[PDB]
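Asks: Have a look at this one.
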Amino acid sequence: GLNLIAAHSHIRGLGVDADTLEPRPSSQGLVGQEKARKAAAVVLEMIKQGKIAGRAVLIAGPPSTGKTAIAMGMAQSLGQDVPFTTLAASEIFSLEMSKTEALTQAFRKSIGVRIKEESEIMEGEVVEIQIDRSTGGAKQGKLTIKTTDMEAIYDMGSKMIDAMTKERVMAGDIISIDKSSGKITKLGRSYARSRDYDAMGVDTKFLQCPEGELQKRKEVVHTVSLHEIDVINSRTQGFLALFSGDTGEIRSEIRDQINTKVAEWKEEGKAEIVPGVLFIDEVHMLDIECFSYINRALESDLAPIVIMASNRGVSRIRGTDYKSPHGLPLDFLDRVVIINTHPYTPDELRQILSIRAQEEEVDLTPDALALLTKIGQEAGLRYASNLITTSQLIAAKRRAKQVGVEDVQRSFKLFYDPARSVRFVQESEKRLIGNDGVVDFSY
Amino acid sequence: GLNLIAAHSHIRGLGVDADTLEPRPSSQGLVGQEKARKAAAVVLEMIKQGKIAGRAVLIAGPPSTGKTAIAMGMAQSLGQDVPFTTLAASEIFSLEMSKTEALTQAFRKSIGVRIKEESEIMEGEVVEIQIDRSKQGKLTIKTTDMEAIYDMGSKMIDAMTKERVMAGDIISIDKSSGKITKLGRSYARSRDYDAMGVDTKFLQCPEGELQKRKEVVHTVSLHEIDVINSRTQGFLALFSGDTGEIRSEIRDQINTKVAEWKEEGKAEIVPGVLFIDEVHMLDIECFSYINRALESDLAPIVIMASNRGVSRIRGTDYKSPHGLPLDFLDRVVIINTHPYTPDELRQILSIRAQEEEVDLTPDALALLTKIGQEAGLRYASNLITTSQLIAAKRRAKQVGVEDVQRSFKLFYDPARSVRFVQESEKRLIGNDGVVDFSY
Amino acid sequence: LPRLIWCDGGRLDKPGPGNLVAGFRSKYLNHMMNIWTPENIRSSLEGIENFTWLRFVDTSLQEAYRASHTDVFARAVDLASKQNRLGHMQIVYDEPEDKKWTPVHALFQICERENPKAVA
Amino acid sequence: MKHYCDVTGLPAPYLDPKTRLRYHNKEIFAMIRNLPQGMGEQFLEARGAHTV
Amino acid sequence: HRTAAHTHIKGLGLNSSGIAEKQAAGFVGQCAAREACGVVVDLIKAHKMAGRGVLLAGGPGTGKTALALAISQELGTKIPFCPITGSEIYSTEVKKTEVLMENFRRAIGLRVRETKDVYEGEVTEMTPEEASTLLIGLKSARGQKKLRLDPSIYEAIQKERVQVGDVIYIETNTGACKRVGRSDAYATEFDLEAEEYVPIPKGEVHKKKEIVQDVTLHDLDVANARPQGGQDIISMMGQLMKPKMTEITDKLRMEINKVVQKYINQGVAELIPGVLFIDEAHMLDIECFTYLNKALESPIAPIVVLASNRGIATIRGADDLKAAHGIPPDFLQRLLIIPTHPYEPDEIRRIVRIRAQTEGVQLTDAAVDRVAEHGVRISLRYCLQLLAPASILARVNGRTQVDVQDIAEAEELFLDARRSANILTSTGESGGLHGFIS
Ligand SMILES: Nc1ncnc2c1ncn2[C@@H]1O[C@H](COP(=O)(O)OP(=O)(O)O)[C@@H](O)[C@H]1O
Ligand SMILES: Nc1ncnc2c1ncn2[C@@H]1O[C@H](COP(=O)(O)OP(=O)(O)O)[C@@H](O)[C@H]1O
Ligand SMILES: Nc1ncnc2c1ncn2[C@@H]1O[C@H](COP(=O)(O)OP(=O)(O)O)[C@@H](O)[C@H]1O
C-alpha cells in the first residue's frame, strides 16, 4: 500500500498480558524492557480508565533503548478509540503563535468529545429516473430504486431533483442518500448495467447490488477534540484552520465557554468526554517557559495524561544557564514519575534484529545473524538494523537468495558506524573544518 | 460605580496657594513634599502658559515618596482644560510599531487642537412621510413640545428610503452634512410589536424645539488627526490601535495645516503634558529619539519619574544615575522627593483611612504609624483595609489595635519576607535551580 | 462533524435552543453596550469626549455606526458608491480668495483635500 | 397524506412500482410479489384504489 | 467524575470568625496562610477596593496553588476568577502589556438579568400587514399564537429560509431566530426531499425564562474593537483577515467604562470585580512588573494574586538585578505577602488519606504509612502520584484494597527524580555507546 516499512513498523503493541500486566519476553514486536513495559502497561490502564487527570510520565534512557518503541507500543494498544497526540518538542517554536498557545493546542487535541448520532440513510441501485423540466427545470421527477430484496418508486421534491442532476445520477448507479440532509453519494456502478456506461473506460470497476432494506437507521459515532471545537469557533470558517494551520492565538474566553458547554453536554448525557494522551518526544528541547506553563496546565480536569522521552544526562536547561537531570528543571520533575529503559543483552539484540529482518523481506543465514548481533554489541542496535537493508541489496545484486556473511561484510566495509566515523574525523582532523574554522585543502 | 477606591483616589490636587505657589503643608490630599510640590507648581505655570516647548522634568526619589502622587496631583489641578497623557515606559515596546513611532504618538497625544463650532441639527420623532411619485415629498416630525411639516428634496427622499425611515422612528438630520441618522424608536411605539429586531433601540422622544442650534467646543489631539488621515476610515484605528508606523509626510502636512488654522484663528493649539512613569525602562535608542523630540516647537512638556540609583542603562552595559544617559540628563531638570517623617506618615495614613472610610482608633493609628516608619508607607496603607476586614469579622465598629496586630502577623512586609526567603534558602528554588523537597 | 457541534449549539455565536447565551450576547454587545451605536456616540460628541472628532471627519453617526459593524469587504463595496469630491475642490477652490475652502464637517480630511495626484 | 402498509397497516416507507402496493419491509415485499393472480387488486380495493 | 491534583480542595475551611480549622474542606495545616487567604476573600467580596496586590510565597509543593483555588471556591461561581501563569504573557501577536491588560479586564465581571421571551412552533401563517411588518402564526401541540413582527426581525426570519409548515425558534426579546426544521406533518409532501422533518413542539408555544447572564469588560473590549462572528464573514480567508488581537487603545477602554456605567446607573447591569491569579509570577519580566505598577493604579482594576517559589533570583530581562521571589523590590512594596511553610510527617499522612479517598483508592494503614514515608524522604508530590498505579497493581493482583506489596511494586516501576538522577550520574560516564547525552 501507501504505508512503507519504517523504523517502528514491527511494533504491533506492548506485548503484555491483559490479565496480570506481566510483559512477555517477546511478543507483539517488543523484546525485553520488561520492567519498563510493565510500567507502560500500568499507564495504559490509567489512560483507558480516564479517571486520573494530568499525570506526566517520563521515559528516561540512553539512545536506541526503545523509548520510542514503547511509545509506539502504547499508541498501538490504545488503537483508534482514544486521542493520541505525537508532539516533537521542536514543533512548539511556531512563528504563527506563541509557545504556550502551541502547548495549549497540543493539550486540547488530546481530549476527545464523543457524540452518537443516528440518520436514516437510503441505499440501493437506481432502476430509473425521470425528470420533467417544464423549461426552467426540476418541475417534478420520479426515482425507482432497488436492493436484491426490495424495490420502490419515490416522488421527488425539486431540491432532490437538483441533487440528482448535480451528481448526474443515472440508471445502474448505486447510490446512498443521507436523507436527513439530502446529500447523495455515488457508491458505485452495478455490473448488471455495464453496457449502459458507454463513457466509462475499461479501467472502471463495478459493484453488486446492495442488500436488505432500502432504508436503514445508521448510527455514527463521532469523536471531536476540544481543540477542534476551539478552532471552529475562532472565525467564520474556522475549521479550515484545522488544515491550513493558520490559527492565531485563540482567545481564552472562547476556550472557557467551550469548557462550560462540554461539561453541560456531559451532565445532559448529550456527549461523553474521552481523555487521551499527549506524547512529547525529546521533552528536553522545551524551555523553562514551557515547563512553567506545563506545571499548571496539568492541573485541569481537562488535562490528558502526558508521556515524555529524554536521552539527556545532567544537562543544560534551555532558556537558562544551569544544568539539571534529564535536561529538565527540578521544579517540573517533582510532578513527574520516571520510567527507565536499559541497554540490551546480546540475545535481546539477536531477537530484535531477527524481528527487523522478518518485518523486512530478508532471508538471513544464521552466521549473518550472529555477525549482525556482534556488530550490534559493538556498534549499536540501529547500525546493525541499517545493515540488514544494505546486505539484502548487496545479496540481491549478486543474485543471491540469502543474505550471507559475505554481504554483511560488504555492508560493514562500505558504511561506517558512529565509532568508526568518529575515529575518521579524529584522524582526518586537519582536512575537516574544525571548531576554529581552520582547514587545510592541500595534499 | 466603576470608580472603586484606588491608591491615589485621595489626591485631589497639588495643594498650593495658587497666587504664590507656596504649598500648604497638607491640602487637597497631598501631605509634605513641599519643595517638590512647589517645583511641580512652577511646572504647572509653565504648562498653563504653554509658551515653553519641550522642557523635560524628572521626579526622582526612593520608592513610596510621592513621585506618582505628585504627578497625579498635577493632573488633578491642571484639569481637563489641557491634555495629560500618562505613559508607562513598558508601553513603548510595541509589536505593532517601532519604539520611536510609539513615542511619536505619545508626544502628539499631548498637544490639543481646540475648535469652536456652531452645529444646527434637527431631531424628532417621525409622524408621517408623504411622497409624490408623479420627485418631492413632505416629512412630519414632532418633539414633546413642537411639531412641523418639512418639504423634502429628492435626495432626502432617497436617503430616507435607503435608511428605511418610518413613523415612530427618532431621527436626526445634520443640516451641514445633509445626512440622516435613525437614532431609534420612541418608547410610545413599544406596543407596536410582539417581536423586535436585534438592532432596535427604544428612546424617549426629543424635547424642546426641533431645529436646535448649539455652540460646541471641540478639543482634539494631534495624534487623533494623524490616525484619522492615515487611511480612509482611520478613525476606527483610534480605538482598535492598529495604526502602523504612520508615514512622516502625513504628520508634516498635518502640522502645516494646524499652523494655518492657528494663523487664521480657526483653532488654538493647547500644549499639554506627557508623563512617562518609570522612565528608566526606556532604552538608549528611546532616549536618543526623545533628545530630538523635545527640541520641537510642537513638543509638549514632558514629565518623568525614576526611583533608580546608579543603574545599568537598558540597551547597553554601563551604569548611570537614575538609570539614564548623561546625554539625556543634560536636557532634564530634576525634582527630588524625600522619605516621610512620622507625623507626615500619620497624616497620609489618616487621609487614606478617610478615603477608605475606615474608623481607626487613636491607638490603631499610632501603631499603624510606627509600622509605616519601620516597614514602609505602602505596607501600612495596605493594613488599613486589611484591619477593617478583620474588625468586621469581630463585628467591631472601629479598627482596634488587635485588628492592626492580627493584620501585621498575617501579612508579611517586604523586609520580613526577605528574611523568610533567607531562612528558607534550600526549600525555595535558587538562582541555580537547586531545591530540596524533603522534610 | 456531528450536528450537536455544527448545528445544535456547539457553535457559540449561533442562537437557538441549547444556546441561550448567544442571542443575549449578540444584542447587548453589538447594540445595547456598544460604543458605536448612534445613541451612545451622541453622548460623547462634545468637549474632550471620545467622539469629539466625529464632527470633522466627513462621516455621519450612521456612517460611523455602519463602518464599525460591517466587515472590510462590505465597507469596500460601500466605498465604491462614493466620490472624491474633496479632490475636486482642490481643482476648483484654488485662488487666494477661495481661501482653500473645505466643508467644515470635513475639516480633518486634510490629506485628501490636498495631495498632488488630483492636480496631475 | 401519511403512508401505511397495505398488508399490515404499519407505516410504509416504500411504494412497489409493480403492484402499486405500499409496504413496510422486505418481508412484506416478498409476500406482495408472491400474491395470487387476483389478490393485489383486493389489497388496493381496501384503499378503494383500482387499476382495471 | 475525573480527579485532578486539587479536586479534594473544596474551600479554605475557615470558621465563622475566619480562623482556620486544623483540617477542613480538604486542607491540612497552612492555618496561617488559609486565614490570610480568608481576609483576601473578604477583600474581594467587599466590592469597594481596586488593584490590591497579594503574593503567595513558599517552596514548591507547599500548597500555593491549592490556596489560590480554594479562594476561587470560597469566592463562588459569580465572581470572575482568571488564572494564568506568568509564562502566558509572551504573545507573538500583541505586546506583553496588552496581554496583561486584557487579563485585568477578564477579571472584572458584569452581570445582566434578561427575561427571555421564547416562541417555538410550527409556522401557520406569514402575512404582510404594512406598506415590512408581518403577522406570523405559530402552532404547538398545545395551541396557536400570532406575533406582530418588527420589519427587521422579519428579515431575520426571511434570511433563515422559513416557510409555512417549518418549525422555528424565536427569541422575541433579543431578536434571534432559528429554523429548527420542517414539521413532520409535511413529511409526505414528497417521497424524497432533501429536508429535515421534525415533530411539532409538544410544549407551550411560548416560554418565559429568567436568565442571569455574565460578561466581562474584556468581552466588551473585543466586541467594540472589531466586527465579530457572523458580521465578519471575510475573516474566513485568513491571512490579513484573521481576527488578530490588536493593541487596544485606552480611548476604547475609557468609552467602555462610560457606556457600562450608564447601564449600571439604570440598574440594568451589576458590576462584579474579581481576581486575576498569576501563578509562576517569577516568569514575568521587568517590563511586565513596570506595567503592573501603572495598571494597579487605575480605579477599575481587579485584585491580583501572585504566586512565587523562587528564593533570591535574577529578575528576568534585568540580569544585573537579583531580589527575593524573583520579584523586583520596587514592586514588592505594593504586595500583601502570605508565606506557605513545609509540611510535617503527620500532616503528610493526613494529606495522603485525603487524596486516597478522593481518588477512590482504598489503603491498608501500613500502605498509608509506607506512602507517607516517601513524602517525608522524597516529596509529598511523589507520594500522591504512587496511589493510582498501586491501585491498578492491586486489582490485577486480585486484591480489593491497596497494600504494602502494591506500594512497593509501584515504587520500583515509577522512580522519583532523585533516584533517576543517581542513575544518570552512574551511567553518563562516557561518550560511549550506552551513555546518556550530557
Ligand atoms: N525492546 C524492543 N523491541 C523491539 N524493537 C525495539 C526495541 N527497542 C528498540 N527497538 C527498535 O530499535 C530502533 C531504535 O530504538 P528507538 O526506540 O527508536 O530509540 P530511542 O530509544 O532512542 O527512541 C527502533 O526502530 C525501535 O523500533
Ligand atoms: N505626599 C503624599 N500625600 C498623600 N499620599 C501620598 C503621598 N506620597 C505618597 N502617597 C501615597 O502612598 C502611596 C505610594 O506613593 P507613590 O507616589 O504611589 O509612590 P512612588 O513615590 O513610588 O511613586 C500611594 O498610595 C500614594 O497615593
Ligand atoms: N494543606 C494541604 N492540604 C491538602 N492538600 C494539599 C495541601 N497543600 C497542598 N496540597 C496538595 O498537594 C499538591 C501540591 O501542592 P501545590 O499547591 O500544587 O504546590 P505549589 O505550591 O507548588 O503549587 C497539590 O495536589 C495540592 O492539591
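Ordering of the C-alpha cells sets the chain letters (A, B, ...); residue numbers start at 1 within each chain; ligands are numbered from 1 in the order shown.
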Pick out the residues no farther than 8 Å from ligand 2, counting only C-alpha atoms and all ligand atoms, and list them as a PDB file with C-alpha atoms, in the first residue's frame.
Replies:
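Here's the written file selection17.pdb:
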ATOM      1  CA  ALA B   6      -7.588  53.128  44.309  1.00  0.00           C
ATOM      2  CA  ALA B   7      -4.199  54.013  45.818  1.00  0.00           C
ATOM      3  CA  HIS B   8      -4.284  57.657  44.603  1.00  0.00           C
ATOM      4  CA  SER B   9      -8.029  58.378  44.880  1.00  0.00           C
ATOM      5  CA  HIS B  10      -7.417  60.823  47.766  1.00  0.00           C
ATOM      6  CA  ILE B  11      -5.148  63.054  45.633  1.00  0.00           C
ATOM      7  CA  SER B  26      -1.493  69.243  53.973  1.00  0.00           C
ATOM      8  CA  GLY B  29      -4.726  65.187  49.841  1.00  0.00           C
ATOM      9  CA  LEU B  30      -1.012  65.937  49.415  1.00  0.00           C
ATOM     10  CA  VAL B  31       1.000  65.870  52.655  1.00  0.00           C
ATOM     11  CA  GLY B  32       4.552  67.194  52.915  1.00  0.00           C
ATOM     12  CA  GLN B  33       6.963  67.164  49.950  1.00  0.00           C
ATOM     13  CA  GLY B  61      13.413  59.638  44.715  1.00  0.00           C
ATOM     14  CA  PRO B  62      13.138  56.402  46.698  1.00  0.00           C
ATOM     15  CA  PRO B  63      10.080  54.148  46.385  1.00  0.00           C
ATOM     16  CA  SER B  64       6.909  55.391  48.119  1.00  0.00           C
ATOM     17  CA  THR B  65       7.967  59.055  48.278  1.00  0.00           C
ATOM     18  CA  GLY B  66       5.060  60.526  46.314  1.00  0.00           C
ATOM     19  CA  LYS B  67       6.553  60.646  42.814  1.00  0.00           C
ATOM     20  CA  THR B  68       3.322  59.253  41.355  1.00  0.00           C
ATOM     21  CA  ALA B  69       1.190  61.159  43.887  1.00  0.00           C
ATOM     22  CA  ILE B  70       2.691  64.497  42.806  1.00  0.00           C
ATOM     23  CA  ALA B 305       9.755  59.698  37.289  1.00  0.00           C
ATOM     24  CA  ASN B 307      13.487  55.539  41.599  1.00  0.00           C
ATOM     25  CA  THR B 337      11.314  63.714  46.644  1.00  0.00           C
ATOM     26  CA  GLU B 344       3.741  63.027  57.734  1.00  0.00           C
ATOM     27  CA  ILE B 348      -1.112  60.199  54.962  1.00  0.00           C
ATOM     28  CA  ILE B 351      -6.067  60.641  54.587  1.00  0.00           C
ATOM     29  CA  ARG B 352      -6.104  57.031  53.342  1.00  0.00           C
ATOM     30  CA  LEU B 377       4.166  53.543  53.814  1.00  0.00           C
ATOM     31  CA  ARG B 378       2.594  51.172  51.262  1.00  0.00           C
ATOM     32  CA  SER B 381      -1.529  51.635  53.947  1.00  0.00           C
TER      33      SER B 381
ATOM     34  CA  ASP E 330      10.157  48.194  43.712  1.00  0.00           C
TER      35      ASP E 330
END
Asks: Step by step, measure atom-to-atom distances between ligand 1 and each residue using only C-alpha atoms and all ligand atoms, keep those at most 6 Å, then write them as a PDB file with C-alpha atoms, in the first residue's frame.
Replies:
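Now in result37.pdb:
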ATOM      1  CA  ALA A   7      11.870   2.024  11.851  1.00  0.00           C
ATOM      2  CA  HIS A   8       8.891   1.071  14.060  1.00  0.00           C
ATOM      3  CA  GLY A  29       7.152  -6.988  18.332  1.00  0.00           C
ATOM      4  CA  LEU A  30       8.703  -5.862  21.649  1.00  0.00           C
ATOM      5  CA  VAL A  31      11.722  -7.685  23.114  1.00  0.00           C
ATOM      6  CA  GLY A  32      12.917  -7.225  26.688  1.00  0.00           C
ATOM      7  CA  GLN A  33      12.478  -3.912  28.531  1.00  0.00           C
ATOM      8  CA  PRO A  63      19.657   6.399  22.870  1.00  0.00           C
ATOM      9  CA  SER A  64      18.270   3.393  20.965  1.00  0.00           C
ATOM     10  CA  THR A  65      16.954   1.688  24.129  1.00  0.00           C
ATOM     11  CA  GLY A  66      13.352   1.505  22.942  1.00  0.00           C
ATOM     12  CA  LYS A  67      11.880   4.704  24.366  1.00  0.00           C
ATOM     13  CA  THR A  68      10.083   5.468  21.095  1.00  0.00           C
ATOM     14  CA  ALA A  69       9.406   1.733  20.659  1.00  0.00           C
ATOM     15  CA  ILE A 352      15.291  -7.511  17.714  1.00  0.00           C
ATOM     16  CA  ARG A 382      20.462   0.939  14.946  1.00  0.00           C
TER      17      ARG A 382
END
Asks: Residues within 6 Å of ligand 3 should be enumerated using only C-alpha atoms and all ligand atoms and returned as an mmCIF file with N, CA and C atoms, in the first residue's frame.
Replies:
data_model
loop_
_atom_site.group_PDB
_atom_site.id
_atom_site.type_symbol
_atom_site.label_atom_id
_atom_site.label_comp_id
_atom_site.auth_asym_id
_atom_site.auth_seq_id
_atom_site.Cartn_x
_atom_site.Cartn_y
_atom_site.Cartn_z
ATOM 1 N N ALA E 5 -5.283 17.275 40.376
ATOM 2 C CA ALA E 5 -4.400 17.478 41.526
ATOM 3 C C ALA E 5 -5.081 18.133 42.728
ATOM 4 N N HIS E 6 -5.957 19.116 42.506
ATOM 5 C CA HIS E 6 -6.559 19.869 43.608
ATOM 6 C C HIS E 6 -8.022 19.541 43.893
ATOM 7 N N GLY E 26 -10.847 19.771 52.947
ATOM 8 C CA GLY E 26 -9.760 19.142 52.229
ATOM 9 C C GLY E 26 -8.366 19.644 52.543
ATOM 10 N N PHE E 27 -8.223 20.738 53.284
ATOM 11 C CA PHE E 27 -6.904 21.173 53.716
ATOM 12 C C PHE E 27 -6.429 20.449 54.962
ATOM 13 N N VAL E 28 -5.110 20.358 55.084
ATOM 14 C CA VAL E 28 -4.432 20.068 56.337
ATOM 15 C C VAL E 28 -3.429 21.188 56.565
ATOM 16 N N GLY E 29 -3.409 21.738 57.776
ATOM 17 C CA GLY E 29 -2.410 22.745 58.099
ATOM 18 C C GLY E 29 -2.543 23.998 57.254
ATOM 19 N N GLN E 30 -1.410 24.679 57.058
ATOM 20 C CA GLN E 30 -1.365 26.023 56.464
ATOM 21 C C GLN E 30 -2.351 27.002 57.092
ATOM 22 N N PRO E 60 8.142 24.920 46.406
ATOM 23 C CA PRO E 60 7.279 24.068 45.580
ATOM 24 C C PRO E 60 6.625 22.974 46.410
ATOM 25 N N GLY E 61 5.352 22.713 46.122
ATOM 26 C CA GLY E 61 4.590 21.705 46.830
ATOM 27 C C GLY E 61 4.100 22.085 48.208
ATOM 28 N N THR E 62 4.197 23.353 48.595
ATOM 29 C CA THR E 62 3.677 23.816 49.876
ATOM 30 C C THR E 62 2.230 24.293 49.798
ATOM 31 N N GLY E 63 1.570 24.140 48.654
ATOM 32 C CA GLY E 63 0.148 24.387 48.583
ATOM 33 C C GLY E 63 -0.270 25.764 48.123
ATOM 34 N N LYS E 64 0.611 26.512 47.453
ATOM 35 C CA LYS E 64 0.243 27.850 46.999
ATOM 36 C C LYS E 64 -0.904 27.808 45.999
ATOM 37 N N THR E 65 -0.930 26.789 45.140
ATOM 38 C CA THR E 65 -1.976 26.686 44.131
ATOM 39 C C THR E 65 -3.253 26.057 44.681
ATOM 40 N N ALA E 66 -3.138 25.180 45.680
ATOM 41 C CA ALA E 66 -4.294 24.809 46.492
ATOM 42 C C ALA E 66 -4.969 26.028 47.118
ATOM 43 N N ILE E 351 -2.712 14.314 54.446
ATOM 44 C CA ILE E 351 -2.951 14.635 53.038
ATOM 45 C C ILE E 351 -3.031 13.369 52.187
ATOM 46 N N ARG E 381 4.574 15.497 46.661
ATOM 47 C CA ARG E 381 4.053 15.340 45.312
ATOM 48 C C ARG E 381 4.396 13.983 44.709
#
Asks: For chain E against chain D, which residues fall within 12 Å using only C-alpha atoms, given as a list in words?
Replies: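 Here they are: residues 184, 185, 186, 187, 188, 189, 190, 191 and 192 of chain E.
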Asks: Residues of chain B were defined as contacting chain E if any atom lay at most 6 Å from it, counting only C-alpha atoms; please report them as an NGL selection string.
Replies: :B and (2-6 or 90 or 94-95 or 193-198 or 239-241 or 393 or 410-412 or 418 or 421 or 427-431 or 437-439)
Asks: For the residues in the current selection, export N, CA, C and O atoms as a compact mmCIF listing (two decimals), in the first residue's frame.
Replies:
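Generated output (again_11.txt):
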# COMPACT_ATOMS: atom_id res chain seq x y z
N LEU B 2 -18.06 52.26 38.62
CA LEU B 2 -16.80 51.69 38.15
C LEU B 2 -15.59 52.24 38.90
O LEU B 2 -14.59 51.53 39.05
N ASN B 3 -15.66 53.48 39.36
CA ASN B 3 -14.56 54.10 40.10
C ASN B 3 -14.53 53.61 41.54
O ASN B 3 -15.07 54.22 42.47
N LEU B 4 -13.88 52.46 41.72
CA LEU B 4 -13.56 51.94 43.04
C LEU B 4 -12.41 52.72 43.66
O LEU B 4 -11.75 53.54 43.01
N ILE B 5 -12.16 52.47 44.94
CA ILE B 5 -11.14 53.17 45.71
C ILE B 5 -9.76 52.63 45.31
O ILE B 5 -9.44 51.48 45.61
N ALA B 6 -8.95 53.47 44.67
CA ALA B 6 -7.59 53.13 44.31
C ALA B 6 -6.58 53.79 45.25
O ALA B 6 -6.93 54.51 46.19
N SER B 90 7.03 50.80 29.82
CA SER B 90 6.82 49.49 29.22
C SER B 90 5.90 49.49 28.01
O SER B 90 6.00 48.58 27.17
N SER B 94 6.09 48.10 21.60
CA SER B 94 5.02 47.55 20.78
C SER B 94 5.53 46.52 19.78
O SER B 94 6.66 46.57 19.31
N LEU B 95 4.65 45.56 19.46
CA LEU B 95 4.83 44.71 18.29
C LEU B 95 4.21 45.34 17.04
O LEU B 95 4.70 45.10 15.93
N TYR B 193 -45.26 45.94 18.47
CA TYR B 193 -44.74 44.66 18.01
C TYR B 193 -44.62 43.66 19.14
O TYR B 193 -44.34 44.01 20.29
N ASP B 194 -44.87 42.40 18.79
CA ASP B 194 -44.65 41.27 19.68
C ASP B 194 -43.22 40.75 19.63
O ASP B 194 -42.78 40.10 20.58
N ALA B 195 -42.49 41.02 18.55
CA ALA B 195 -41.09 40.64 18.44
C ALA B 195 -40.30 41.75 17.77
O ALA B 195 -40.76 42.34 16.78
N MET B 196 -39.11 42.02 18.30
CA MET B 196 -38.28 43.14 17.89
C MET B 196 -36.99 42.62 17.25
O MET B 196 -36.48 41.57 17.63
N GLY B 197 -36.48 43.38 16.29
CA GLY B 197 -35.18 43.07 15.73
C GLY B 197 -34.05 43.37 16.68
O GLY B 197 -34.15 44.23 17.56
N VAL B 198 -32.95 42.62 16.51
CA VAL B 198 -31.80 42.71 17.41
C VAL B 198 -31.26 44.14 17.50
O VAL B 198 -30.90 44.61 18.58
N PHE B 239 -9.49 53.41 18.21
CA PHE B 239 -9.98 52.52 19.25
C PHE B 239 -9.30 51.17 19.24
O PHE B 239 -8.97 50.64 20.30
N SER B 240 -9.12 50.58 18.07
CA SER B 240 -8.53 49.26 17.96
C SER B 240 -7.01 49.30 18.05
O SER B 240 -6.38 48.27 18.28
N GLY B 241 -6.41 50.48 17.89
CA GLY B 241 -4.95 50.63 17.79
C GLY B 241 -4.51 50.66 16.33
O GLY B 241 -4.80 51.61 15.62
N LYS B 393 -15.07 40.93 60.87
CA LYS B 393 -15.24 39.57 61.38
C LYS B 393 -15.47 39.52 62.88
O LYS B 393 -16.05 38.54 63.37
N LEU B 410 -0.52 38.29 60.00
CA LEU B 410 -0.98 37.51 58.85
C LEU B 410 -0.28 37.88 57.55
O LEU B 410 -0.07 37.01 56.70
N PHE B 411 0.08 39.15 57.35
CA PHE B 411 0.65 39.62 56.10
C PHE B 411 2.04 40.19 56.32
O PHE B 411 2.21 41.15 57.08
N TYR B 412 3.03 39.58 55.68
CA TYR B 412 4.42 40.00 55.85
C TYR B 412 4.72 41.25 55.04
O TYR B 412 4.30 41.39 53.89
N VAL B 418 11.78 39.04 52.93
CA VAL B 418 13.18 38.77 52.58
C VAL B 418 13.89 37.93 53.64
O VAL B 418 14.68 37.04 53.31
N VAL B 421 12.70 34.38 53.10
CA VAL B 421 13.41 33.79 51.97
C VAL B 421 14.81 33.32 52.36
O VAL B 421 15.22 32.21 52.02
N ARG B 427 14.80 25.29 50.64
CA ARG B 427 13.46 24.85 50.25
C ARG B 427 12.88 25.66 49.09
O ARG B 427 12.00 25.15 48.39
N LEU B 428 13.35 26.88 48.89
CA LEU B 428 12.98 27.68 47.74
C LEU B 428 13.95 27.41 46.60
O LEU B 428 15.08 26.98 46.80
N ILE B 429 13.49 27.67 45.37
CA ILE B 429 14.34 27.49 44.20
C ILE B 429 15.30 28.66 44.07
O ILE B 429 14.89 29.80 43.86
N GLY B 430 16.59 28.36 44.18
CA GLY B 430 17.63 29.35 43.99
C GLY B 430 17.86 29.71 42.54
O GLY B 430 17.25 29.17 41.61
N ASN B 431 18.76 30.67 42.34
CA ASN B 431 19.10 31.16 41.01
C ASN B 431 19.82 30.11 40.16
O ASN B 431 20.00 30.34 38.96
N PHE B 437 12.98 19.05 48.17
CA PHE B 437 11.60 18.87 48.60
C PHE B 437 11.45 18.05 49.88
O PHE B 437 10.33 17.92 50.38
N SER B 438 12.54 17.49 50.41
CA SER B 438 12.47 16.68 51.62
C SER B 438 12.03 17.50 52.83
O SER B 438 12.15 18.73 52.88
N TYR B 439 11.51 16.79 53.83
CA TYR B 439 11.23 17.38 55.14
C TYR B 439 12.51 17.80 55.84
O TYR B 439 13.47 17.03 55.93
Asks: What is the distance, in Å and to one decimal place, between CA of residue 275 in chain B and CA of residue 233 in chain B?
Replies: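 Atom-to-atom, CA of residue 275 in chain B to CA of residue 233 in chain B, that is 29.6 Å.
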Asks: Calculated over only C-alpha atoms, which of the candidates A:381, A:393, A:328, A:11 has the smallest distance to chain B?
Replies: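 Going through A:381, A:393, A:328, A:11 one by one, the smallest distance to chain B is for A:328.
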Asks: Could you list, with a cut-off of 8 Å and counting only C-alpha atoms, the residues of chain C near chain E, each shown with its nearest atom pair and the distance in Å rounded to one decimal, rows sorted by chain and ascending number, as a tab-separated table?
Replies:
residue	atom	partner	partner_atom	distance
C:13	CA	E:229	CA	6.4
C:15	CA	E:176	CA	6.5
C:16	CA	E:178	CA	5.9
C:17	CA	E:169	CA	7.4
C:21	CA	E:213	CA	7.3
C:23	CA	E:176	CA	5.6
C:24	CA	E:174	CA	5.9
C:26	CA	E:174	CA	8.0
C:27	CA	E:174	CA	5.9
C:29	CA	E:223	CA	5.9
C:30	CA	E:223	CA	6.7
C:33	CA	E:259	CA	6.2
C:34	CA	E:224	CA	6.2
C:35	CA	E:224	CA	6.6
C:36	CA	E:224	CA	7.5
C:40	CA	E:259	CA	7.1
C:50	CA	E:251	CA	6.7
C:68	CA	E:227	CA	6.7
C:69	CA	E:227	CA	5.2
C:70	CA	E:231	CA	6.2
C:71	CA	E:232	CA	5.1
C:72	CA	E:234	CA	7.5
C:73	CA	E:234	CA	6.6
Asks: What's the separation between CA of residue 401 in chain E and CA of residue 362 in chain E, in Å to one decimal place?
Replies: 5.0 Å
Asks: Measure the distance from CA of residue 184 in chain B to CA of residue 161 in chain E in Å and round it to one decimal.
Replies: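 Separating CA of residue 184 in chain B from CA of residue 161 in chain E is a distance of 27.5 Å.
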Asks: What's the 6 Å shell around range 311-324 of chain B, counting only C-alpha atoms, without same-chain residues fewer than 4 positions away, as a PyMOL selection string?
Replies: chain B and resi 280+283-284
Asks: Select, from E:128, E:435, E:302, E:165, the residue with the minimum atom-to-atom distance to chain A, counting only C-alpha atoms.
Replies: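 So, comparing all the options, the nearest one is E:435.
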Asks: With distances taken over only C-alpha atoms, which of A:231, A:121, A:288, A:355 is nearest to chain B?
Replies: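 The shortest atom-to-atom distance to chain B comes from A:288.
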Asks: Return as a PyMOL selection string the residues belonging to chain C that are within 9 Å of chain A, counting only C-alpha atoms.
Replies: chain C and resi 1-6+9-13
Asks: For chain A, work out the contacting residues on chain B at 8 Å, counting only C-alpha atoms, and write them as a ChimeraX atom specification.
Replies: /B:429,432-435
Asks: Using only C-alpha atoms, I'd like every residue of chain B that has an atom within 9 Å of chain C; please write them out as an MDAnalysis selection string.
Replies: chainID B and resid 80:81 119 174 176:177 179:184 198:201 203 216:220 224:225 228:230 233 235:236 250 253:254 257
